[PDB]
Amino acid sequence: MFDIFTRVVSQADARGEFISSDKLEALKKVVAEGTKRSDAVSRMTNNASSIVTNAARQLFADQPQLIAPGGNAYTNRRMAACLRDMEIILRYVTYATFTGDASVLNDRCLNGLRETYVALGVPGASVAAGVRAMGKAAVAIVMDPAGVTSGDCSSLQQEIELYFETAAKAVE
Amino acid sequence: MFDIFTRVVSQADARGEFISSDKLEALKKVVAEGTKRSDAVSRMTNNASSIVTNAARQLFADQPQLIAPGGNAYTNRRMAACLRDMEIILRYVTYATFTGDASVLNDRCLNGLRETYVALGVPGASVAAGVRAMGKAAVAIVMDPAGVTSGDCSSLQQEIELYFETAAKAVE
Amino acid sequence: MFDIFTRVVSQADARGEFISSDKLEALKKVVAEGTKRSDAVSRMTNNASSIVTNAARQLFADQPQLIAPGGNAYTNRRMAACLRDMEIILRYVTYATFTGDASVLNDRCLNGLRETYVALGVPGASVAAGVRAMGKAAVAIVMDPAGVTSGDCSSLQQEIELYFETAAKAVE
Amino acid sequence: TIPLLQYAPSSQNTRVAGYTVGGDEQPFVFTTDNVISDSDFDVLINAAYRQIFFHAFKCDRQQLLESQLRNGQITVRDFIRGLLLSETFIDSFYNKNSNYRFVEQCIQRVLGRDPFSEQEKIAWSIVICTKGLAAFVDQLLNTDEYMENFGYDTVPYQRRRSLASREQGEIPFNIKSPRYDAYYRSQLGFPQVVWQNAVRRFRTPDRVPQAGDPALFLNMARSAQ
Amino acid sequence: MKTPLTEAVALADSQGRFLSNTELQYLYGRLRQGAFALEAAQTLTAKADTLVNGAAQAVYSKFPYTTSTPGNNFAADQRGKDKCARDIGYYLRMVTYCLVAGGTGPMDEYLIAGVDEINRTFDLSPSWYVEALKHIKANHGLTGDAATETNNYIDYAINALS
Amino acid sequence: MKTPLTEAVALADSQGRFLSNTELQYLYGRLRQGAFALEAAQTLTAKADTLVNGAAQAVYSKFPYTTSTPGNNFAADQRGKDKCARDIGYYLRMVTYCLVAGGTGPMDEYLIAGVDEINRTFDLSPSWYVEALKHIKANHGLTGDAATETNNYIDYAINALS
Amino acid sequence: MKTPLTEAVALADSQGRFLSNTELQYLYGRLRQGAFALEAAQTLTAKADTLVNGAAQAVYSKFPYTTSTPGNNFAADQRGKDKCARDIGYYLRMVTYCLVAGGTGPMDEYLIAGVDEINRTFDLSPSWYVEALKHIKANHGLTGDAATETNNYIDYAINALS
Amino acid sequence: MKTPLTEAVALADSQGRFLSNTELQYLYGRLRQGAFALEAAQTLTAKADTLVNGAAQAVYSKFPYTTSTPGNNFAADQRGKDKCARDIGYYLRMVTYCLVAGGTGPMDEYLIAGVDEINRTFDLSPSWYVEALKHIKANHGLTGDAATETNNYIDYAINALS
Amino acid sequence: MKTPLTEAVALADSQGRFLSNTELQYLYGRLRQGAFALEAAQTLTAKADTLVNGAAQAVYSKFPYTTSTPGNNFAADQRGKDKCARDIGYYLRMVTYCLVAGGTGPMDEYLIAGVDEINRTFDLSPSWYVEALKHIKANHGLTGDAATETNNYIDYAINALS
Ligand SMILES: CCC1=C(C)/C(=C/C2=NC(=C\c3[nH]c(/C=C4\NC(=O)[C@H](C)[C@H]4CC)c(C)c3CCC(=O)O)/C(CCC(=O)O)=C2C)NC1=O
Ligand SMILES: CCC1=C(C)/C(=C/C2=NC(=C\c3[nH]c(/C=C4\NC(=O)[C@H](C)[C@H]4CC)c(C)c3CCC(=O)O)/C(CCC(=O)O)=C2C)NC1=O
Ligand SMILES: CCC1=C(C)/C(=C/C2=NC(=C\c3[nH]c(/C=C4\NC(=O)[C@H](C)[C@H]4CC)c(C)c3CCC(=O)O)/C(CCC(=O)O)=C2C)NC1=O
Ligand SMILES: CCC1=C(C)/C(=C/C2=NC(=C\c3[nH]c(/C=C4\NC(=O)[C@H](C)[C@H]4CC)c(C)c3CCC(=O)O)/C(CCC(=O)O)=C2C)NC1=O
Ligand SMILES: CCC1=C(C)/C(=C/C2=NC(=C\c3[nH]c(/C=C4\NC(=O)[C@H](C)[C@H]4CC)c(C)c3CCC(=O)O)/C(CCC(=O)O)=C2C)NC1=O
Ligand SMILES: CCC1=C(C)/C(=C/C2=NC(=C\c3[nH]c(/C=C4\NC(=O)[C@H](C)[C@H]4CC)c(C)c3CCC(=O)O)/C(CCC(=O)O)=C2C)NC1=O
Ligand SMILES: CCC1=C(C)/C(=C/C2=NC(=C\c3[nH]c(/C=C4\NC(=O)[C@H](C)[C@H]4CC)c(C)c3CCC(=O)O)/C(CCC(=O)O)=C2C)NC1=O
Ligand SMILES: CCC1=C(C)/C(=C/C2=NC(=C\c3[nH]c(/C=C4\NC(=O)[C@H](C)[C@H]4CC)c(C)c3CCC(=O)O)/C(CCC(=O)O)=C2C)NC1=O
Ligand SMILES: CCC1=C(C)/C(=C/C2=NC(=C\c3[nH]c(/C=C4\NC(=O)[C@H](C)[C@H]4CC)c(C)c3CCC(=O)O)/C(CCC(=O)O)=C2C)NC1=O
Ligand SMILES: CCC1=C(C)/C(=C/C2=NC(=C\c3[nH]c(/C=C4\NC(=O)[C@H](C)[C@H]4CC)c(C)c3CCC(=O)O)/C(CCC(=O)O)=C2C)NC1=O
Ligand SMILES: CCC1=C(C)/C(=C/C2=NC(=C\c3[nH]c(/C=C4\NC(=O)[C@H](C)[C@H]4CC)c(C)c3CCC(=O)O)/C(CCC(=O)O)=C2C)NC1=O
């Protein structure tokens with residue numbers, strides 16, 4: 001649970017003097033790009049349901065075991081719970097790019113998730129493929145422009161790829 | 001949670017016969033010295049606050065990091081929590097010399113405290129130095145005789161040094 | 001728990017057609033005066049502590065029984081609890097002028113408060129005098145203008161007098 | 001009858017005082033008395049569901065307790081009791097786990113704290129098998145720690161999970177303890193290998209064209225006239 | 001009951017502390033919202049009647065088996081189409097209320113909490129109201145910032161339905 | 001940890017929903033705040049050293065028994081005055097952090113949660129830091145919008161201390 | 001996990017009481033059930049393939065817009081109809097498991113607990129499986145007591161879906 | 001675990017405060033108790049063997065059907081009487097432990113918590129141990145402070161048994 | 001409400017058991033206490049008026065800025081010194097009540113539970129009452145058990161204040 005503003009605050013406090021000028025240029029341009037950041041988050045969560053079903057539909061086309069009997073996501077509540085997990089991972093990566101920091105993502109959802117999926121018997125690499133495909137669709141939804149002024153969101157395309165990558169690598 | 005009376009009880013029960021005569025001489029002289037014991041405890045808890053601030057003031061004079069920024073006890077609630085912990089350790093060592101047994105001390109506060117201070121990131125050797133200085137002041141308030149008829153206190157000066165030592169070595 | 005926006009919503013829903021134009025002029029001027037409203041709330045809660053001690057200090061100057069022995073606020077925790085209650089009433093009237101509606105005030109704190117003060121033995125008229133003096137100081141923190149732009153706050157000084165009056169009359 | 005074992009408590013973020021202040025790491029607190037509008041009942045009921053069942057689906061929801069609580073005769077403490085003795089909790093949590101892991105999970109979800117030691121779960125595992133799940137949940141609710149920390153009218157939460165000026169405080173206990181363990185997924189037999197590596201197609205190995213090969217100029221000849 | 005002001009009050013009540021500096025910004029940020037939001041609510045009130053008629057046209061053109069097959073749920077006769085005008089008018093009015101309040105709380109309270117059982121027991125396929133809200137969000141023609149807020153708005157409606 | 005963005009995330013997490021129009025409203029209202037707030041943090045960083053020296057001057061002039069009476073808490077000798085420079089510098093730095101974050105959460109987390117026991121056990125009368133923050137809020141000289149934040153800001157500091 | 005025997009064990013277990021005469025009756029009443037139930041499970045296993053083919057025929061004849069309109073959910077092409085054969089085969093197999101176990105617990109555990117979100121997110125109208133189970137309960141041709149058990153059985157399926 | 005000192009520690013722990021003046025008062029009241037209590041424990045240790053033999057004599061003389069009727073519980077043969085010597089020796093030893101500790105906690109922990117199920121399942125009528133403790137409290141010949149405490153002591157034993 | 005007798009009753013009520021031997025010892029240990037305690041309460045009642053006047057003298061001599069600096073909290077004029085006589089008389093009377101009851105419960109109930117907020121909001125530095133109780137402790141003149149009891153007593157007062 002850390003905003004990038006209080007990242008600068010906590011780092012300057014552990015240093016113990018005032019915030020330097022170079023960090024203030026950086027924070028000013030953060031303020032000038034946070035416009036892009038916040039509603040980049042909301043256009044990612046615009047089609048969040050269709051993103052979730054498309055990524056899961058692709059995943060169960062790629063791995064036919066998970067809808068085959070004996071698979072991990074075979075019965076109806078296990079399949080619904082898998083959709084719930086993919087929605088949760090998308091929602092937390094959405095929170096993380098809203099805070100501007102991956103601290104909420106690594107702090108709120110990813111950390112014990114590795115041990116949870118190992119102890120349940122859940123495959124982790126399938127989740128990794130799902131979050132990677134979900135991230136591709138996620139930037140492109142935000143990236144593509146429909147009824148929006150043209151702008152440089154390259155950093156947003158950049159940082160959200162970083163956040164989805166941290167999610168997929170921390171699932172493992 | 002064990003009084004020394006029920007230490008003799010539980011040991012004689014695990015043996016399974018009556019309490020022998022040698023243990024009864026020992027318990028009678030325990031009864032003749034428990035006078036010293038109980039209110040040794042209360043004169044230790046007479047100046048417990050000034051003992052706590054003097055030990056902490058000495059500790060932060062010895063280690064200037066803990067009031068330096070980035071240190072463990074730097075911010076205001078962490079410093080207040082450290083004072084709370086030192087008061088708690090003094091209060092439990094006071095309970096332990098009131099029971100006459102270190103079982104309350106090792107049972108109530110010390111055991112998970114080692115893992116708690118390691119998992120928090122709290123230094124343990126600083127706590128060890130604090131409890132050692134606190135114990136020196138503690139006997140010298142217990143040990144010194146003011147307004148009390150002079151009498152032997154070797155068990156008392158003795159046993160409270162043992163209790164503070166077990167506290168500091170179990171913190172580590 | 002009702003914002004004035006959802007007051008208009010719930011009234012138009014119980015009517016069952018769309019929000020009329022006259023209510024929309026009213027809501028637009030609500031939006032043009034809500035600037036005044038919200039941070040009127042925060043300047044009221046700027047000196048909230050000094051307001052609370054000044055009102056209580058005036059109250060115990062006016063009624064010397066409440067600090068006399070046998071009085072209701074005589075012992076130390078009862079006096080501290082009375083300060084807690086006056087802070088709570090000020091905080092909830094602050095919430096009520098932040099919502100713009102007295103629904104939070106009558107809904108959250110006032111309703112069972114009458115029966116609570118009667119069943120405890122607490123005087124109610126003393127509380128009424130306290131909230132009235134507290135409201136006078138409250139607007140004037142707001143009412144007097146120092147080092148700031150002049151404005152038509154008469155409407156608004158207005159509403160906080162209404163809210164404090166409802167609080168004092170509902171205590172009774 | 002036979003009383004509980006006396007287990008010594010261990011150190012934790014709960015039995016300590018702590019100087020709490022309003023932040024977000026503090027869980028939003030949901031109380032029956034101040035929710036008084038119809039939507040805030042929905043948020044409270046959703047939060048209690050998030051604690052006891054971890055996002056209960058519509059099958060898991062009990063109509064009677066939600067109905068009766070919206071009227072207000074039910075206390076949220078009695079609502080949590082009704083959730084714990086409801087069959088979707090028994091089916092998901094008491095069936096699949098052993099008694100010791102069940103007591104671990106139930107202490108975490110009712111009291112909002114980790115059990116102090118393994119011997120505490122051991123000492124509490126007498127009562128559930130001897131006196132039933134109803135008596136276990138009833139004795140859990142009657143204890144003074146649940147009452148002092150939450151009371152009659154408060155949905156429980158994980159208590160003091162996160163300390164101040166920490167990135168992480170602690171795992172949220174909804175992540176940490178799921179309803180299966182390793183022992184019962186072994187009975188369900190889930191790790192059937194995905195087996196999508198090294199399939200070894202038998203078709204003849206491709207050889208990179210050597211210098212001066214006719215093919216090398218194939219791709220440009222396709223583009224040329 | 002989700003407006004930003006009542007959530008600020010709920011946060012301050014749950015923490016037991018009076019509104020801070022951060023709480024104050026909330027309302028002057030409700031200025032960035034409301035300065036277009038009340039305009040957009042008025043122009044939706046003007047657009048409303050042709051919006052419901054076009055949405056009924058789009059739903060009937062997308063799914064001809066509704067106007068063909070006789071049933072209680074289907075709009076074969078007049079009274080079914082009257083129920084359709086009622087349902088889409090309710091949806092558009094909740095969009096207008098959701099726009100005026102500033103948050104999804106009116107829409108989430110008046111529509112979303114029971115829509116799953118109603119669509120289950122009464123045989124109302126939610127893809128019909130998907131068509132209706134997509135036709136509304138294509139046909140409303142809002143300008144600038146007001147249009148974008150509604151879109152996040154109407155997408156939340158479809159996400160609750162789907 | 002009180003910034004408006006983390007409280008929006010905490011509200012959405014506690015309700016279990018995704019973001020709304022409100023999140024956009026919250027952050028572009030953090031524009032009404034931040035467009036002056038970062039300027040005011042820089043000019044406070046420039047003003048800082050004369051602010052602590054003047055606040056030490058005001059505290060010593062208000063309470064001469066501190067500089068007179070020998071004690072550990074009192075600033076009779078040099079090292080006590082060094083502790084005073086440390087304490088008021090900590091207060092001013094937490095004001096700057098509180099100004100940059102946008103909410104009271106850094107100040108409420110780094111100062112307020114333990115100040116009652118520290119003032120109780122170490123014999124630090126809080127009216128000293130009342131004098132110090134009142135001298136800072138009189139001496140900082142920020143025009144317009146910045147002043148309101150400080151009063152809202154520095155008054156919260158005094159209200160936590162008193 | 002609803003069979004009469006495990007519910008007797010759960011009652012004795014929840015109560016903490018030892019097995020009693022009340023629990024015992026269930027076992028020889030499970031004779032009134034099972035003496036036809038295993039026969040009916042075998043004859044359903046024989047009837048199974050023509051049952052799924054006729055149910056697919058009835059669903060396609062009731063709703064022609066499924067076989068007409070192109071979509072992922074709709075069975076326009078071959079693979080959609082393959083998904084339909086899979087879904088109705090799953091329904092018939094859960095009916096057979098529910099018949100062999102004696103209670104609804106296999107069917108309630110393997111189908112019912114997630115069907116609302118799957119029908120909501122994947123756009124599967126449950127009236128399709130209503131048609132399928134009604135065609136199965138008309139076409140199975142069970143005789144005497146076994147037939148009666150299925151109706152209580154298959155009606156529970158429709159009541160969970162509707 | 002009921003001694004006055006551990007209950008003082010338990011009260012101070014439950015109240016979360018340092019031991020008070022009242023706690024100090026209790027141990028010097030444990031002087032009014034212990035100054036005779038350790039003497040009485042020693043003289044009971046001396047009296048012990050004739051006490052168990054006389055108590056066995058009194059139990060056999062009160063209930064002749066024990067020494068007559070053949071059974072596992074009854075002391076018809078030698079090994080039953082050996083079990084009786086064991087049981088009454090256990091009772092007398094718990095009385096001595098209860099006397100040395102100062103409270104009923106050793107006796108309440110080692111005897112009382114399971115005596116109801118043992119007397120129910122093993123067919124040990126508690127009126128036998130009533131006879132045994134009444135014969136002990138008549139035969140011990142304690143005097144002064146020790147005598148009054150023992151009756152309070154041994155009456156608690158009979159009240160737990162009856 | 002901390003007296004040894006009510007804590008014995010509270011322990012027996014929480015365990016749901018009849019009074020134990022330790023409780024009985026408890027009251028004849030309240031003899032070791034009370035046989036001097038009632039004497040000391042009477043001699044404090046005699047000493048009382050010169051005690052408050054000397055404590056006011058010591059507080060004014062320790063802190064001259066109280067009698068010098070004009071303020072509501074400070075005793076500049078007559079009515080402030082009247083409030084001081086009231087406050088120290090309340091402290092001495094709670095010491096006498098605490099002495100008569102036998103435990104800290106009257107003092108802990110009538111003084112300690114709200115002293116932190118009163119000293120925070122009303123600007124009453126607790127080191128003033130530290131001076132007052134230390135001056136009271138120095139001159140009471142009690143000899144023997146009462147003196148020792150008072151020190152444990154008045155040190156608890158200072159520890160609650162500090
Ligand atoms: C806040 C962050 C957070 C996460 C991520 C989380 C995950 C989580 N996933 C679970 C199950 C599950 N997870 C999956 C996962 C999948 N299905 C597959 O085949 C793929 C390999 C993968 C989809 C990516 C499945 C099938 C289950 C159900 C297993 C079961 O419940 O028996 C469970 C057990 C509870 C239940 O849903 O029944 C938890 C706690 N919990 C949390 O609190
Ligand atoms: C009954 C026995 C018991 C003990 C001992 C105990 C300790 C304990 N010490 C803690 C923190 C702490 N402990 C310290 C310790 C110190 N500061 C330093 O620099 C020194 C190294 C050391 C002083 C000796 C500090 C600074 C914290 C605060 C860390 C934090 O809360 O972030 C916390 C975390 C909760 C909090 O106070 O915020 C616990 C639970 N709890 C218990 O229940
Ligand atoms: C949350 C931080 C914050 C604050 C504090 C804030 C206050 C604030 N008050 C304003 C205006 C104003 N404020 C007042 C207030 C009053 N005038 C009187 O004479 C009355 C006594 C009193 C009301 C009781 C008036 C009259 C105006 C004129 C401009 C307007 O209508 O906004 C404006 C308009 C823009 C500007 O001044 O640059 C600001 C910024 N804005 C912020 O972002
Ligand atoms: C076990 C027995 C039991 C019953 C019967 C019961 C009834 C019950 N009906 C309720 C509401 C309701 N009851 C109705 C009833 C009707 N609508 C109409 O117009 C007709 C007059 C009537 C249909 C027959 C309606 C509309 C509500 C919702 C009112 C509201 O929730 O605001 C509520 C409030 C909670 C809620 O559902 O929101 C309860 C507790 N609860 C129980 O535990
Ligand atoms: C304020 C929010 C709100 C919603 C969402 C709502 C839905 C709703 N739609 C209903 C009926 C209906 N709604 C429809 C509309 C349609 N069905 C179709 O097949 C068409 C494709 C579609 C036209 C767009 C029809 C035909 C019925 C009639 C059901 C009947 O007569 O049994 C009913 C039954 C009430 C009645 O009998 O009049 C409810 C509760 N009601 C509300 O109050
Ligand atoms: C919470 C409600 C809300 C929304 C939704 C909102 C959005 C929003 N996006 C804006 C700008 C913008 N938004 C984008 C976004 C993008 N352009 C691209 O080509 C990319 C693909 C994409 C990011 C992935 C761009 C490029 C701008 C240009 C102006 C700016 O930098 O803000 C602006 C500037 C002011 C205006 O447009 O009137 C608004 C209002 N403002 C609000 O108050
Ligand atoms: C980041 C937030 C923060 C706060 C609020 C804080 C307060 C604080 N002030 C302290 C000391 C002090 N603070 C003062 C300052 C003053 N006392 C007076 O009498 C003067 C009027 C006033 C000067 C303005 C002095 C003199 C001490 C010395 C105490 C000692 O040496 O025992 C100490 C003891 C630490 C040490 O020994 O260096 C703390 C924890 N520390 C923090 O880290
Ligand atoms: C054991 C219990 C069980 C049930 C109930 C179940 C339902 C179920 N049906 C599905 C798909 C499907 N089910 C259907 C069947 C139909 N849709 C129509 O429009 C027709 C009218 C109807 C034919 C009767 C179709 C066409 C899909 C394809 C969805 C897709 O390809 O995206 C899927 C998605 C899985 C996949 O991609 O293969 C699930 C989970 N699965 C189960 O394992
Ligand atoms: C719970 C309240 C309470 C207290 C506090 C208490 C203390 C207390 N300590 C006493 C004696 C004593 N206390 C001490 C203690 C010591 N002398 C030394 O030189 C050592 C350094 C030190 C032990 C470490 C001594 C030596 C005596 C002599 C008399 C005796 O043996 O009791 C006595 C005997 C009777 C009397 O003094 O009138 C009392 C009353 N009695 C009470 O009822
Ligand atoms: C430390 C506290 C303690 C108590 C109270 C206790 C009671 C006790 N008495 C037992 C047996 C016995 N106790 C008796 C004694 C008697 N029965 C009679 O009919 C006589 C009247 C009476 C002689 C006074 C006998 C005869 C048995 C034998 C039961 C058997 O052999 O099955 C047994 C069965 C254990 C064994 O098989 O040796 C227990 C547990 N054991 C304990 O450890
Ligand atoms: C029964 C336990 C009890 C305590 C502890 C207590 C404290 C207490 N002291 C007070 C005032 C006071 N107490 C003092 C006394 C002092 N201040 C100084 O600066 C001097 C150094 C010190 C003299 C020793 C003064 C001057 C006030 C006046 C505050 C005012 O007039 O606003 C008040 C405000 C009530 C009133 O207005 O009369 C309370 C509640 N009251 C109680 O009922």
# chains A, B, ... in the order shown; residues from 1 in each chain; ligands from 1

$ residues_near_ligand --ligand "ligand 6" --cutoff "6 Å" --atoms "only C-alpha atoms and all ligand atoms" --output "list in words"
residues 35, 36, 39, 40, 142, 143, 144, 145, 148, 149, 150, 151, 152 and 153 of chain A; 33, 145, 148 and 149 of chain E; 21, 23, 24 and 25 of chain F

$ write_last_selection --atoms "N, CA and C atoms" --output "PDB file, in the first residue's frame"
ATOM      1  N   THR A  35      -2.572  12.181 -15.283  1.00  0.00           N
ATOM      2  CA  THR A  35      -3.774  12.265 -16.103  1.00  0.00           C
ATOM      3  C   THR A  35      -3.945  11.014 -16.984  1.00  0.00           C
ATOM      4  N   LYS A  36      -2.919  10.727 -17.811  1.00  0.00           N
ATOM      5  CA  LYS A  36      -2.809   9.514 -18.602  1.00  0.00           C
ATOM      6  C   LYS A  36      -2.953   8.293 -17.722  1.00  0.00           C
ATOM      7  N   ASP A  39      -6.740   7.575 -15.937  1.00  0.00           N
ATOM      8  CA  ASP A  39      -7.864   7.100 -16.709  1.00  0.00           C
ATOM      9  C   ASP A  39      -7.418   6.053 -17.728  1.00  0.00           C
ATOM     10  N   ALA A  40      -6.095   5.834 -17.848  1.00  0.00           N
ATOM     11  CA  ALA A  40      -5.589   4.594 -18.434  1.00  0.00           C
ATOM     12  C   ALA A  40      -6.086   3.398 -17.661  1.00  0.00           C
ATOM     13  N   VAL A 142      -6.636   0.092 -24.003  1.00  0.00           N
ATOM     14  CA  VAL A 142      -6.270   1.433 -23.581  1.00  0.00           C
ATOM     15  C   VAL A 142      -5.539   2.174 -24.689  1.00  0.00           C
ATOM     16  N   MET A 143      -4.638   1.448 -25.345  1.00  0.00           N
ATOM     17  CA  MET A 143      -3.805   1.987 -26.411  1.00  0.00           C
ATOM     18  C   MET A 143      -4.576   2.442 -27.644  1.00  0.00           C
ATOM     19  N   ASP A 144      -5.565   1.656 -28.051  1.00  0.00           N
ATOM     20  CA  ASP A 144      -6.348   2.001 -29.233  1.00  0.00           C
ATOM     21  C   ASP A 144      -7.169   3.241 -28.925  1.00  0.00           C
ATOM     22  N   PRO A 145      -7.363   4.113 -29.922  1.00  0.00           N
ATOM     23  CA  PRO A 145      -8.119   5.311 -29.579  1.00  0.00           C
ATOM     24  C   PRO A 145      -9.504   5.379 -30.188  1.00  0.00           C
ATOM     25  N   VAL A 148     -11.140   9.592 -28.175  1.00  0.00           N
ATOM     26  CA  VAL A 148     -10.172  10.154 -27.234  1.00  0.00           C
ATOM     27  C   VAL A 148      -9.112  10.944 -27.985  1.00  0.00           C
ATOM     28  N   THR A 149      -8.631  12.027 -27.383  1.00  0.00           N
ATOM     29  CA  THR A 149      -7.605  12.847 -28.018  1.00  0.00           C
ATOM     30  C   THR A 149      -6.304  12.071 -28.137  1.00  0.00           C
ATOM     31  N   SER A 150      -5.621  12.209 -29.269  1.00  0.00           N
ATOM     32  CA  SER A 150      -4.359  11.508 -29.460  1.00  0.00           C
ATOM     33  C   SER A 150      -3.346  12.034 -28.451  1.00  0.00           C
ATOM     34  N   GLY A 151      -2.583  11.126 -27.855  1.00  0.00           N
ATOM     35  CA  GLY A 151      -1.595  11.497 -26.864  1.00  0.00           C
ATOM     36  C   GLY A 151      -0.524  10.441 -26.711  1.00  0.00           C
ATOM     37  N   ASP A 152       0.567  10.788 -26.039  1.00  0.00           N
ATOM     38  CA  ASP A 152       1.635   9.826 -25.821  1.00  0.00           C
ATOM     39  C   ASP A 152       1.376   9.072 -24.525  1.00  0.00           C
ATOM     40  N   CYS A 153       0.939   7.827 -24.643  1.00  0.00           N
ATOM     41  CA  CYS A 153       0.691   6.989 -23.475  1.00  0.00           C
ATOM     42  C   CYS A 153       1.759   5.904 -23.396  1.00  0.00           C
TER      43      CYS A 153
ATOM     44  N   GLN E  33     -16.049  16.923 -12.137  1.00  0.00           N
ATOM     45  CA  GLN E  33     -17.168  16.092 -12.608  1.00  0.00           C
ATOM     46  C   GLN E  33     -18.446  16.894 -12.874  1.00  0.00           C
ATOM     47  N   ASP E 145     -16.069  15.874 -22.329  1.00  0.00           N
ATOM     48  CA  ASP E 145     -15.919  15.176 -21.051  1.00  0.00           C
ATOM     49  C   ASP E 145     -17.186  14.485 -20.567  1.00  0.00           C
ATOM     50  N   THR E 148     -17.504  10.943 -22.158  1.00  0.00           N
ATOM     51  CA  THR E 148     -16.595   9.940 -21.599  1.00  0.00           C
ATOM     52  C   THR E 148     -17.033   9.426 -20.225  1.00  0.00           C
ATOM     53  N   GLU E 149     -17.527  10.323 -19.377  1.00  0.00           N
ATOM     54  CA  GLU E 149     -17.963   9.927 -18.044  1.00  0.00           C
ATOM     55  C   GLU E 149     -19.118   8.936 -18.141  1.00  0.00           C
TER      56      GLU E 149
ATOM     57  N   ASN F  21     -16.644   6.574 -12.021  1.00  0.00           N
ATOM     58  CA  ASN F  21     -16.431   7.967 -12.401  1.00  0.00           C
ATOM     59  C   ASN F  21     -15.717   8.725 -11.293  1.00  0.00           C
ATOM     60  N   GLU F  23     -13.252   7.836  -9.227  1.00  0.00           N
ATOM     61  CA  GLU F  23     -11.794   7.769  -9.211  1.00  0.00           C
ATOM     62  C   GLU F  23     -11.211   8.847 -10.121  1.00  0.00           C
ATOM     63  N   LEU F  24     -11.813   9.027 -11.294  1.00  0.00           N
ATOM     64  CA  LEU F  24     -11.372  10.059 -12.222  1.00  0.00           C
ATOM     65  C   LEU F  24     -11.581  11.430 -11.583  1.00  0.00           C
ATOM     66  N   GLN F  25     -12.728  11.601 -10.926  1.00  0.00           N
ATOM     67  CA  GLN F  25     -13.063  12.853 -10.254  1.00  0.00           C
ATOM     68  C   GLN F  25     -12.089  13.131  -9.113  1.00  0.00           C
TER      69      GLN F  25
END

$ select_by_dssp --residues "stretch 17-50 of chain A" --states "alpha helix (DSSP H)" --output "ChimeraX atom specification"
/A:21-44,48-50

$ interface_residues --of "chain E" --to "chain A" --cutoff "7 Å" --atoms "only C-alpha atoms" --output "MDAnalysis selection string"
chainID E and resid 152 155 159

$ interface_residues --of "chain F" --to "chain D" --cutoff "10 Å" --atoms "only C-alpha atoms" --output "MDAnalysis selection string"
chainID F and resid 1:3 6:11 13:16 104:106 108:110 112:117

$ residues_near_ligand --ligand "ligand 11" --cutoff "6 Å" --atoms "only C-alpha atoms and all ligand atoms" --output "VMD selection string"
(chain C and resid 57 60 67 74 to 76) or (chain I and resid 66 72 to 75 80 83 to 84 87 90 110 to 111 124 128)
